[PDB]
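Visitor: I am sharing query22.txt, which consists of compact mmCIF, C-alpha atoms and all ligand atoms:
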# COMPACT_ATOMS: atom_id res chain seq x y z
CA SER X 1 67.27 118.20 108.70
CA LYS X 2 68.78 114.80 107.93
CA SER X 3 72.28 115.82 109.07
CA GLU X 4 70.91 116.97 112.45
CA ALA X 5 68.89 113.84 112.94
CA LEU X 6 71.43 111.22 111.91
CA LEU X 7 74.68 112.75 113.09
CA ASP X 8 76.08 114.11 116.32
CA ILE X 9 76.97 117.58 114.94
CA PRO X 10 78.33 119.12 118.19
CA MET X 11 80.71 116.13 118.66
CA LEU X 12 81.79 116.16 115.00
CA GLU X 13 82.46 119.92 114.97
CA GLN X 14 84.55 119.61 118.13
CA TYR X 15 86.39 116.64 116.57
CA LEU X 16 87.24 118.60 113.41
CA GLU X 17 88.82 121.34 115.52
CA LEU X 18 90.74 118.91 117.72
CA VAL X 19 91.88 116.13 115.35
CA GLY X 20 90.92 117.22 111.80
CA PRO X 21 88.96 115.27 109.19
CA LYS X 22 91.44 112.44 108.46
CA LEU X 23 90.91 110.56 111.71
CA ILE X 24 87.12 110.83 111.11
CA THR X 25 87.34 109.61 107.50
CA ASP X 26 89.76 106.80 108.36
CA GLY X 27 87.49 105.70 111.25
CA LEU X 28 84.51 105.81 108.91
CA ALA X 29 86.30 103.58 106.35
CA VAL X 30 86.90 101.02 109.07
CA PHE X 31 83.23 101.25 110.20
CA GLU X 32 82.06 100.60 106.63
CA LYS X 33 84.18 97.45 106.30
CA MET X 34 83.01 95.98 109.59
CA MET X 35 79.30 96.78 109.44
CA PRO X 36 78.33 94.10 106.92
CA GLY X 37 79.61 91.43 109.29
CA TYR X 38 78.11 93.06 112.41
CA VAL X 39 74.67 93.16 110.77
CA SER X 40 75.01 89.55 109.59
CA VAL X 41 75.80 88.47 113.18
CA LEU X 42 72.75 90.41 114.46
CA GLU X 43 70.55 88.60 111.94
CA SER X 44 71.90 85.12 112.65
CA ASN X 45 71.38 85.70 116.38
CA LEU X 46 67.84 86.96 115.72
CA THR X 47 67.12 83.72 113.82
CA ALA X 48 68.56 81.54 116.58
CA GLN X 49 66.59 83.59 119.16
CA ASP X 50 69.89 84.07 121.04
CA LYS X 51 69.13 87.07 123.27
CA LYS X 52 72.66 87.34 124.72
CA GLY X 53 74.10 87.26 121.17
CA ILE X 54 71.74 90.01 120.01
CA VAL X 55 72.43 92.27 123.02
CA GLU X 56 76.21 91.74 122.71
CA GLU X 57 76.27 92.67 119.01
CA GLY X 58 73.94 95.62 119.63
CA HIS X 59 76.44 96.95 122.24
CA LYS X 60 79.35 96.50 119.81
CA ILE X 61 77.57 98.49 117.12
CA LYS X 62 76.45 101.20 119.60
CA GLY X 63 80.07 101.81 120.53
CA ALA X 64 81.35 101.61 116.93
CA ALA X 65 78.77 104.03 115.63
CA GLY X 66 79.09 106.50 118.53
CA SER X 67 82.85 106.64 117.88
CA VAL X 68 82.27 108.21 114.45
CA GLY X 69 79.22 110.39 115.26
CA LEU X 70 76.46 108.22 113.80
CA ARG X 71 73.99 109.29 116.52
CA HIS X 72 70.92 107.53 115.07
CA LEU X 73 72.72 104.22 114.52
CA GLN X 74 74.03 104.57 118.08
CA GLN X 75 70.50 105.01 119.38
CA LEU X 76 69.32 101.93 117.47
CA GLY X 77 72.15 99.89 118.96
CA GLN X 78 71.19 101.26 122.42
CA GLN X 79 67.63 100.00 121.90
CA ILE X 80 68.85 96.59 120.61
CA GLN X 81 71.02 96.08 123.68
CA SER X 82 68.17 97.03 126.10
CA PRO X 83 66.00 93.92 126.80
CA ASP X 84 64.64 95.78 129.88
CA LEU X 85 62.43 97.87 127.55
CA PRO X 86 58.80 96.77 127.46
CA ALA X 87 58.80 96.91 123.63
CA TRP X 88 62.04 94.93 123.15
CA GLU X 89 60.59 91.54 122.26
CA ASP X 90 58.05 93.14 119.93
CA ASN X 91 60.46 95.48 118.18
CA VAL X 92 64.00 94.09 118.21
CA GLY X 93 63.61 92.37 114.81
CA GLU X 94 62.21 95.71 113.38
CA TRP X 95 65.20 97.65 114.78
CA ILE X 96 67.60 95.07 113.30
CA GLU X 97 65.95 95.38 109.88
CA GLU X 98 65.88 99.20 110.14
CA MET X 99 69.61 99.11 110.86
CA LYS X 100 70.29 96.70 107.97
CA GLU X 101 68.38 98.84 105.50
CA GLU X 102 69.80 102.25 106.43
CA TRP X 103 73.37 102.05 107.63
CA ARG X 104 74.99 102.58 104.24
CA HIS X 105 72.81 105.69 103.78
CA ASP X 106 73.75 107.09 107.18
CA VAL X 107 77.45 106.60 106.22
CA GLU X 108 76.86 108.50 102.96
CA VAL X 109 75.24 111.41 104.89
CA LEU X 110 78.29 111.63 107.22
CA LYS X 111 80.70 111.50 104.26
CA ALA X 112 78.87 114.42 102.65
CA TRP X 113 78.81 116.46 105.87
CA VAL X 114 82.54 116.01 106.39
CA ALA X 115 83.17 117.01 102.77
CA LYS X 116 81.17 120.25 103.22
CA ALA X 117 82.51 121.16 106.66
CA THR X 118 86.12 120.90 105.44
ZN ZN X 201 66.63 104.49 111.35
Starting from the file, give its structure as structure tokens.
Ligand SMILES: [Zn+2]
Guide:
Amino acid sequence: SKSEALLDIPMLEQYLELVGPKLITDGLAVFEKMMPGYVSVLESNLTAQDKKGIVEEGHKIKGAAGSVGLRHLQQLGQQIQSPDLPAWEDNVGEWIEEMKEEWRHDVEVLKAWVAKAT
């Protein structure tokens, strides 16, 4: 059930048919190199209590993750960039830490899925 929950399987299956696995795996390699810096910027903005900085970085990750089918990371970045939500002030530091702790795992789950599908 982890593949279904963390990845966008319909999008990935259509992508495999249209482009093949190489564009997905190359995109994923770029995502892995940029994510350490994206999460560090989220954290430094959280410390500075810079709301615009946090929302801007959330939006960048949302797009980045959605491009490679990381549906749950995309949903976290959607929540991070949504200060209109009643729970935002209470939970944005929790969603930041959740992202920090899990993104490498979510990348390993997509790598395995692409390996099995191909
Ligand atoms: Zn999570």
Visitor: Could you work out how far CA of residue 90 in chain X lies from CA of residue 31 in chain X, giving the answer in Å with one decimal?
Guide: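 Calculated distance between CA of residue 31 in chain X and CA of residue 90 in chain X is 28.2 Å.
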Visitor: Work out how far CA of residue 28 in chain X is from CA of residue 110 in chain X, in Å to one decimal.
Guide: 8.7 Å
Visitor: Need to verify the contact set: range 75-88 of chain X, 10 Å, only C-alpha atoms, exclusion of same-chain residues closer than 6 positions in sequence. Can you return it as a short mmCIF file (atom, residue, chain, number, x, y, z; two decimals) with C-alpha atoms, in the frame of the given file?
Guide:
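Result file is out-v5.cif:
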data_model
loop_
_atom_site.label_atom_id
_atom_site.label_comp_id
_atom_site.auth_asym_id
_atom_site.auth_seq_id
_atom_site.Cartn_x
_atom_site.Cartn_y
_atom_site.Cartn_z
CA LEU X 6 71.43 111.22 111.91
CA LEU X 42 72.75 90.41 114.46
CA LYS X 51 69.13 87.07 123.27
CA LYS X 52 72.66 87.34 124.72
CA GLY X 53 74.10 87.26 121.17
CA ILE X 54 71.74 90.01 120.01
CA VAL X 55 72.43 92.27 123.02
CA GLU X 56 76.21 91.74 122.71
CA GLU X 57 76.27 92.67 119.01
CA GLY X 58 73.94 95.62 119.63
CA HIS X 59 76.44 96.95 122.24
CA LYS X 60 79.35 96.50 119.81
CA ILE X 61 77.57 98.49 117.12
CA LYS X 62 76.45 101.20 119.60
CA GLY X 63 80.07 101.81 120.53
CA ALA X 64 81.35 101.61 116.93
CA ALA X 65 78.77 104.03 115.63
CA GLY X 66 79.09 106.50 118.53
CA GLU X 94 62.21 95.71 113.38
CA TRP X 95 65.20 97.65 114.78
CA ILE X 96 67.60 95.07 113.30
CA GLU X 98 65.88 99.20 110.14
CA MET X 99 69.61 99.11 110.86
#
Visitor: Can you work out which one of X:107, X:30, X:73, X:117 has the shortest atom-to-atom distance to ligand ZN 201 (chain X), counting only C-alpha atoms and all ligand atoms?
Guide: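 Closest to ligand ZN 201 (chain X), using only C-alpha atoms and all ligand atoms: X:73.
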Visitor: Around all listed atoms of range 50-63 of chain X, padded 3 Å per side, what centre and edge lengths does the axis-aligned box have in Å to one decimal, as AutoDock Vina command-line options?
Guide:
--center_x 74.6 --center_y 92.9 --center_z 120.9 --size_x 16.9 --size_y 23.7 --size_z 13.6
Visitor: Would you please work out which residue, of X:39, X:5, X:114, X:91, is nearest to residue 21 in chain X when using all atoms listed in the file?
Guide: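 Distance minimum relative to residue 21 in chain X lands on X:114.
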Visitor: Quick one: everything within 12 Å of residue 15 in chain X, counting all atoms listed in the file, minus sequence neighbours fewer than 2 positions away in the same chain. Send it as a PyMOL selection string.
Guide: chain X and resi 8-13+17-25+67-69+114+117-118
Visitor: Record the distance separating CA of residue 41 in chain X and CA of residue 111 in chain X, expressed in Å with one decimal.
Guide: 25.2 Å
Visitor: Pick the closest to ligand ZN 201 (chain X) from X:70, X:16, X:46, X:35: which is it, counting all atoms listed in the file?
Guide: X:70
Visitor: Working from the structure I just supplied, which lacks atoms in range 77-96 of chain X, can you model N, CA and C atoms there and output them as a PDB file, in the coordinates of the input?
Guide:
ATOM      1  N   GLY X  77      71.388 100.941 118.291  1.00  0.00           N
ATOM      2  CA  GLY X  77      72.150  99.890 118.960  1.00  0.00           C
ATOM      3  C   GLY X  77      71.832 100.005 120.477  1.00  0.00           C
ATOM      4  N   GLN X  78      71.587 101.143 121.004  1.00  0.00           N
ATOM      5  CA  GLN X  78      71.190 101.260 122.420  1.00  0.00           C
ATOM      6  C   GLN X  78      69.862 100.509 122.645  1.00  0.00           C
ATOM      7  N   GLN X  79      68.906 100.745 121.712  1.00  0.00           N
ATOM      8  CA  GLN X  79      67.630 100.000 121.900  1.00  0.00           C
ATOM      9  C   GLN X  79      67.823  98.522 121.773  1.00  0.00           C
ATOM     10  N   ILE X  80      68.571  97.970 120.817  1.00  0.00           N
ATOM     11  CA  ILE X  80      68.850  96.590 120.610  1.00  0.00           C
ATOM     12  C   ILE X  80      69.508  95.924 121.829  1.00  0.00           C
ATOM     13  N   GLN X  81      70.406  96.718 122.502  1.00  0.00           N
ATOM     14  CA  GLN X  81      71.020  96.080 123.680  1.00  0.00           C
ATOM     15  C   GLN X  81      70.215  96.332 124.914  1.00  0.00           C
ATOM     16  N   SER X  82      68.923  96.704 124.898  1.00  0.00           N
ATOM     17  CA  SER X  82      68.170  97.030 126.100  1.00  0.00           C
ATOM     18  C   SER X  82      66.929  96.114 126.279  1.00  0.00           C
ATOM     19  N   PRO X  83      67.116  94.888 126.658  1.00  0.00           N
ATOM     20  CA  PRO X  83      66.000  93.920 126.800  1.00  0.00           C
ATOM     21  C   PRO X  83      65.138  94.284 127.986  1.00  0.00           C
ATOM     22  N   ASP X  84      65.457  95.265 128.811  1.00  0.00           N
ATOM     23  CA  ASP X  84      64.640  95.780 129.880  1.00  0.00           C
ATOM     24  C   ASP X  84      63.451  96.588 129.355  1.00  0.00           C
ATOM     25  N   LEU X  85      63.480  97.027 128.096  1.00  0.00           N
ATOM     26  CA  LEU X  85      62.430  97.870 127.550  1.00  0.00           C
ATOM     27  C   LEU X  85      61.188  96.990 127.299  1.00  0.00           C
ATOM     28  N   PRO X  86      60.056  97.533 127.704  1.00  0.00           N
ATOM     29  CA  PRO X  86      58.800  96.770 127.460  1.00  0.00           C
ATOM     30  C   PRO X  86      58.594  96.364 126.010  1.00  0.00           C
ATOM     31  N   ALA X  87      58.978  97.213 125.059  1.00  0.00           N
ATOM     32  CA  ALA X  87      58.800  96.910 123.630  1.00  0.00           C
ATOM     33  C   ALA X  87      59.864  96.060 123.003  1.00  0.00           C
ATOM     34  N   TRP X  88      60.949  95.647 123.754  1.00  0.00           N
ATOM     35  CA  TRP X  88      62.040  94.930 123.150  1.00  0.00           C
ATOM     36  C   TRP X  88      61.723  93.683 122.369  1.00  0.00           C
ATOM     37  N   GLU X  89      60.910  92.759 122.980  1.00  0.00           N
ATOM     38  CA  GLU X  89      60.590  91.540 122.260  1.00  0.00           C
ATOM     39  C   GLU X  89      59.745  91.847 120.987  1.00  0.00           C
ATOM     40  N   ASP X  90      58.904  92.837 121.120  1.00  0.00           N
ATOM     41  CA  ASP X  90      58.050  93.140 119.930  1.00  0.00           C
ATOM     42  C   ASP X  90      58.846  93.784 118.793  1.00  0.00           C
ATOM     43  N   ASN X  91      59.863  94.603 119.178  1.00  0.00           N
ATOM     44  CA  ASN X  91      60.460  95.480 118.180  1.00  0.00           C
ATOM     45  C   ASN X  91      61.933  95.172 117.867  1.00  0.00           C
ATOM     46  N   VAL X  92      62.543  94.242 118.568  1.00  0.00           N
ATOM     47  CA  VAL X  92      64.000  94.090 118.210  1.00  0.00           C
ATOM     48  C   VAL X  92      64.244  93.653 116.813  1.00  0.00           C
ATOM     49  N   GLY X  93      63.391  92.768 116.212  1.00  0.00           N
ATOM     50  CA  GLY X  93      63.610  92.370 114.810  1.00  0.00           C
ATOM     51  C   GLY X  93      63.362  93.611 113.907  1.00  0.00           C
ATOM     52  N   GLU X  94      62.469  94.512 114.171  1.00  0.00           N
ATOM     53  CA  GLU X  94      62.210  95.710 113.380  1.00  0.00           C
ATOM     54  C   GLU X  94      63.472  96.634 113.486  1.00  0.00           C
ATOM     55  N   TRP X  95      63.989  96.750 114.719  1.00  0.00           N
ATOM     56  CA  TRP X  95      65.200  97.650 114.780  1.00  0.00           C
ATOM     57  C   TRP X  95      66.336  97.024 114.073  1.00  0.00           C
ATOM     58  N   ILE X  96      66.558  95.749 114.036  1.00  0.00           N
ATOM     59  CA  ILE X  96      67.600  95.070 113.300  1.00  0.00           C
ATOM     60  C   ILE X  96      67.420  95.365 111.825  1.00  0.00           C
TER      61      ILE X  96
END
